[PDB]
Every structure is written in structure tokens, then in C-alpha cells.
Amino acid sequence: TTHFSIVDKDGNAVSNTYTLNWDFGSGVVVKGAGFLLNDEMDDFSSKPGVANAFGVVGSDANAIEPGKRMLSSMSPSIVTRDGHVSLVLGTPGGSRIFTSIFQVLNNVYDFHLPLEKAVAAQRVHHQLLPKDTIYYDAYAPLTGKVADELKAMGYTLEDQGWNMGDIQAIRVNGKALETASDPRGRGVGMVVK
């Protein structure tokens, strides 16, 4: 997955998340055409209760059927206030996508952080199964007193081995625009004026 966010000078906004699923997809290149084919089929439930590559499970609602769309976590988002765009954001990260968006929203709207700090902040993830396991990344690992207390509560902390998303965001304040590209990745933002 990757995500990009765009706002034009008329206040129109696009938030676009798209993917091959795993990085480089199925590994199959269409000979003569040069593009990779996705491995999105793994987002279906292959067997009830059996976890897929992101550790998520399902049963009948997300079983394989011909012509069916496989359940996703991709969550391209636009926040508005009074009929005007205020925040455009999205991210990769499989089953961490919507928990990462939630954390960024909390950072902007509840902790009132500047966008750059809201995106750079440590993010973590829990998803019921694996049991009591909190995932962290090497960009901002869980350490010190917070890690120790969480372990004392009974959590298992695991470095998931890949950065916890790659938020690409635009914030609008009145007429002024700002961009934030996650320091976890190689993104670039530009205000065009």
C-alpha cells in the first residue's frame, strides 16, 4: 500500500490509498507489459479463524467468492468543518491503517499537536489477536517506563519489523495549507502557490 493526499486552490480534495497488497504484490510481472500483479487474494479469509499475512481473521462474510471484493483496511480520509476541507490523510500499513489514522486524529484534535508532530509521534497497534500483543516499529519503539508498565499489565510487546504506516497529510487553516510527510518514509509535500 501507499497513500497520497491532494488539495487544490478551489478547496477540492483527493485522498487516495492503493496497493498490490504485499510489497511488489504476487511477484508476477506481465511479460511484455512490465507491471506487477497484486496478491490481494490473501485479504479474503482462506479458512475460518486462520490469520492472514496481517494477523487478521474472518469467516463467512469475507470468504472467497467469485466477483467479490476482499475486505480491506485501507481508509483514505477527509475531515471537513463547515463544508470546507480541514484535513486530508491516509496511510499504508495493512491492519494498522485505521488505528494509525485514529492516533493521528487524536493527536491533532485531542492533543492539539502541530501536524508535523502529530504525524511523527510514536504509533502502536493492538488487534485482539494475537492475544494481548502490542506492535511497535523500529522508528519509535516501545521502551523504558511505558514499555515496562505495559508489560506489567500483561501485554506482550513485539517489534513488527516494518514501520507503522506512512501518513501523508494536508491540513487547511482558513486559506493557509500545510503538508506533513511521515518521517517513517520518503514522502515529500509541497504547497503550490
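Throughout, we count residues from 1 along the sequence that is shown.
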Average Cα temperature factor in the PDB entry - higher stretch of 92-100, 78-86: 78-86
Comparing 170-178 with 13-21, the one whose average Cα B-factor in the PDB entry is higher: 170-178
C-alpha B-factor winner, where the candidates are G58, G165, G27, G34: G58
Out of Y135, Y155, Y139, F44, residue topping the C-alpha B-factor column of the entry: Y155
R69 - Cα temperature factor, lowest/middle/highest third of chain: lowest
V124 - which third its CA temperature factor falls in, relative to the rest of the chain: lowest
